[PDB]
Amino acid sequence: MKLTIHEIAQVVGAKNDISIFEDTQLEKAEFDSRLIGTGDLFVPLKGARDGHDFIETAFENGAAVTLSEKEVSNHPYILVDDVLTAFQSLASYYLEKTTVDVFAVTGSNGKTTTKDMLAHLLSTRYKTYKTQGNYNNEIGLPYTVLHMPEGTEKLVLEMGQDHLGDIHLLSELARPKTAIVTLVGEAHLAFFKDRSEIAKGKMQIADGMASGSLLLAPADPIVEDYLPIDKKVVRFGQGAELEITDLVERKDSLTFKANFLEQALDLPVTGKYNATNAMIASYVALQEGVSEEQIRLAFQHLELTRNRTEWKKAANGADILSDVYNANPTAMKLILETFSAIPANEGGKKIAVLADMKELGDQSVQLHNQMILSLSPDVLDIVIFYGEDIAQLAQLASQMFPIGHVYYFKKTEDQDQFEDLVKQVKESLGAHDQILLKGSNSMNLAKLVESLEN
């Protein structure tokens, strides 16, 4: 990073002083103590557990200073009213100091997100950084900003939303030079009411943009009432300014033609939507000085993006929600608070399969028990646990939940009831159920998700 502790303190409105501390140039920002290095800035957030607990473990790992809502003593600390707010203001300031061009994209997808594609095309001419994984919310975006390599010219930021107004905040924080909305109306769409509202929240991606900035929005009418007034708006889709005039899909390949492009394009993936993503990403890449040739070559060696947590279905008509990455307690807690917000389907049955999260440290077991506060008997009908460190949590669940609503399957270097787990899961899994699957990845967890799909 390119910041110093007094700088940060000044930018954040430190309630303490800082003059008392060294005022040393910092290395990088981390909210995961387990990630801190020598000279890093520690940012304690409210997660599975409060981050403030880990402050000490932070300096032990190298922290040179720490944000904090309370006096730290005998340690360099910047005192603020709220650490997340402080973290966001700081990311915002870093954007102003850097003057990097920001490209906001909203709407993940699956195989190859617009975010990765666009970042990929920009990489052909510029030093470009992007949102890693799914770090696209009020914690992830700020984080992505601060981890931007020195000299970045193009920053592609993906922005997700759980509640209306989430994107408005992100737009205001990042101030995108250009923005893209891919949209689609969610089904059981938890926390959100209906398509129009999802579209309303996504169109907020424009709120923090300067007048005349380019914004790509789909042809779908669902966004009409939310269009910005003083922006350069380009519509994509059949009939719109930008459109796919021809498409061909192989078994694992794709070839399509975009009206504004004179040549065709090839992608190592299959999907009408991937084509559109590629197209809209191309348009923005073009506006930034990238040639159709450079673009054409780049799509030659794209790069698939490991599934991307979303719904799917097991040969049964089930609603499988397998959260792939982010194997940490906060992520689990969050995936739980969401999965348990989505009301049940037809019949109305809710199931969650939780497994061990490796590498949590000597605090692993305690961290798994913490999930108990995120498990409600009323909303979840069956919770199945698979592992070792998660056993104490299963025991807690068996006491808190009704008789018979919990299951536990062993998994150690001695024994592994993977056999019985699949058997049990398959048995409980009804054709109109929603099964949540979360836990560090493993050969078995993968086989299990497959026994459902097959």
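Numbers follow the displayed sequence, beginning with 1.
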| property | result |
| --- | --- |
| Per the entry, higher mean C-alpha B factor between 307-315 and 217-225 | 307-315 |
| Higher-scoring stretch by recorded Cα B factor average, 98-106 or 378-386 | 378-386 |
| Residue selected from 276, 211, 270, 204 by maximal Cα B factor | 270 |
| Peak C-alpha temperature factor (PDB record), options 262, 172, 82, 162 | 262 |
| Ranked against its chain, the third holding the CA B-factor of residue 59 | highest |
| Third of the chain's Cα B-factor distribution that residue 76 belongs to, per the entry | highest |
| Residue 143 - which third its CA temperature factor falls in, relative to the rest of the chain | lowest |
| Chain-wide C-alpha B factor ranking for residue 363, given as lowest, middle or highest third | middle |
| Residue 391, C-alpha B-factor rank within chain (lowest, middle or highest third) | lowest |
